[PDB]
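The structure under discussion appears below in the form of structure tokens.
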Amino acid sequence: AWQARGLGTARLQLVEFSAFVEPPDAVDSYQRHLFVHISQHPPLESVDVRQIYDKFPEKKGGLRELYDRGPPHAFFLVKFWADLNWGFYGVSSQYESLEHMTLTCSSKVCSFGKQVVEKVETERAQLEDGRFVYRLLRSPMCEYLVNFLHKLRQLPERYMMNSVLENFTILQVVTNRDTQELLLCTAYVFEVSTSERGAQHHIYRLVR
Ligand SMILES: CNC(=O)Cc1cccc(CNC(=O)c2cc(/C=C/[C@H]3CC[C@H](C(F)(F)F)CC3)c(OC)cn2)c1
């Protein structure tokens with residue numbers, strides 16, 4: 001009954017995340033394709049964290065050791081169906097909270113469980129309508145993922161894409177920079193959506 005209904009905690013909720021591409025045409029007439037997209041403008045299903053330990057690093061900065069530090073209720077699994085049917089490649093995250101903090105946002109890209117690239121932004125808060133807003137908008141997508149996307153896109157069969165994406169994950173950890181306590185940890189596993197449907201997501205709580 002205290003279990004989350006969306007991707008967030010009482011201390012920090014995710015408002016919106018999107019990874020996208022804007023073609024060069026967008027200047028003449030703006031358009032943008034969304035690979036994956038969560039919008040959050042009944043309890044959530046659950047998943048046993050151990051079942052995914054192997055899909056992420058297993059030493060310092062790994063899922064097993066992060067979950068043991070807790071708090072447990074901060075851990076979610078996002079299952080994406082990516083829309084690979086479609087420039088500037090970018091990503092945008094927006095969070096909210098009732099407390100003024102300075103967040104440190106780490107995004108680990110992982111292949112066969114081994115960290116491959118990592119990014120660590122830092123977002124100070126901006127109070128707006130009584131609640132603090134954290135905006136990491138239009139951040140450039142990392143060069144590894146943009147290449148991955150163009151390579152992934154050319155595989156002749158969708159089941160080959162999903163074969164590759166079985167071994168590709170991303171891990172995000174948002175922590176209070178000043179106190180080191182963790183606020184929200186999201187694990188992302190990927191599938192490619194069929195050509196006819198657009199991106200969708202299924203969010204789960206990570207339990208033990
Ligand atoms: C600044 N340039 C650098 O090189 C430094 C750097 C390193 C790592 C990550 C970033 C930016 N962060 C994302 O790019 C990012 C990307 C994603 C997801 C990207 C796509 C990748 C393709 C897949 C698909 F192939 F499955 F379609 C769909 C998701 C994400 O997700 C939480 C979270 N973050 C930047």
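We use all heavy atoms of the structure for the numbers below, so side chains are in, but hydrogens, waters and symmetry mates are not. One-based numbering, in listed order, for ligands and for the atoms of each. Along the sequence shown, residues are numbered consecutively beginning with 1.
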With heavy atoms of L149 as the reference, note each atom of ligand 1 found under 4.0 Å away.
22 (C), 24 (C), 25 (F), 27 (F)
For atom 34 (N) of ligand 1, what's the nearest protein heavy-atom neighbour? Residue, atom name and distance, please.
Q172 OE1, 4.0 Å
Short side-chain donor-acceptor distance under 3.5 Å, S97 and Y134
yes
Nearest to atom 29 (C) of ligand 1 by heavy atom, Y144, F190, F35: which?
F190
If you apply the rule side-chain contact (heavy atoms from CB on, under 4.5 Å), what do you find for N176 with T102, and how did you get there?
CA-CA 6 Å; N176 188 320; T102 299; 5.7 Å; no
Heavy atom of the protein closest to atom 16 (C) of ligand 1 (residue, atom name, distance):
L145 CD1, 3.2 Å
By number and element, which atoms of ligand 1 are closer than 4.0 Å to a non-hydrogen atom of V117?
7 (C), 8 (C)
Is the ring centre of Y89 less than 6.0 Å from the ring centre of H150?
yes
Identify, by atom number and element, the atoms of ligand 1 in contact range of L84, meaning under 4.0 Å from any of its heavy atoms.
27 (F)
Against heavy atoms of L152, which atoms of ligand 1 measure under 4.0 Å?
25 (F)
Think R50 forms a cation-pi with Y67, using NZ or CZ under 6.0 Å from the six-ring centre and within 45 degrees of its axis?
no
Assign the ring pair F190 / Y188 to parallel, tilted or perpendicular, where the plane angle (0 to 90°) is split at 30° and 60°.
tilted
Show the atoms of ligand 1 that are less than 4.0 angstrom away from any heavy atom in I170.
17 (C), 18 (C), 30 (C), 31 (O)
Parallel, tilted or perpendicular, as decided by the 30° and 60° cut-offs, for the rings of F35 and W86
perpendicular
Is the closest side-chain donor-acceptor distance between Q172 and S106 under 3.5 Å?
no
Between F148 and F168, does the ring centroid distance fall short of 6.0 Å?
yes
Go through ligand 1 atom by atom and flag the ones less than 4.0 Å from a non-hydrogen atom of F17.
30 (C), 31 (O), 32 (C), 33 (C)
Go through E45 and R205 one step at a time and tell me if the salt bridge (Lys or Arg N to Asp or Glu O under 4.0 Å) criterion holds.
CA-CA 6 Å; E45 243 168 294; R205 305 177 292 102; over 6 Å; no
Can you figure out which of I38, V36, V91 has its heavy atom closest to atom 12 (N) of ligand 1?
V91
Enumerated ligand 1 atoms positioned under 4.0 Å from heavy atoms of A82
24 (C), 26 (F), 27 (F)
Near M141, which atoms of ligand 1 are under 4.0 Å from a heavy atom of that residue?
14 (O)
If we only count N/O pairs under 3.5 Å, is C142 in contact with ligand 1?
yes
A19, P140, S93, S139: member with heavy atom nearest to atom 11 (C) of ligand 1
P140
Can you check whether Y204 and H202 have ring centres sitting under 6.0 Å from each other?
yes
Is the closest heavy atom of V109 to ligand 1 under 4.0 Å?
no
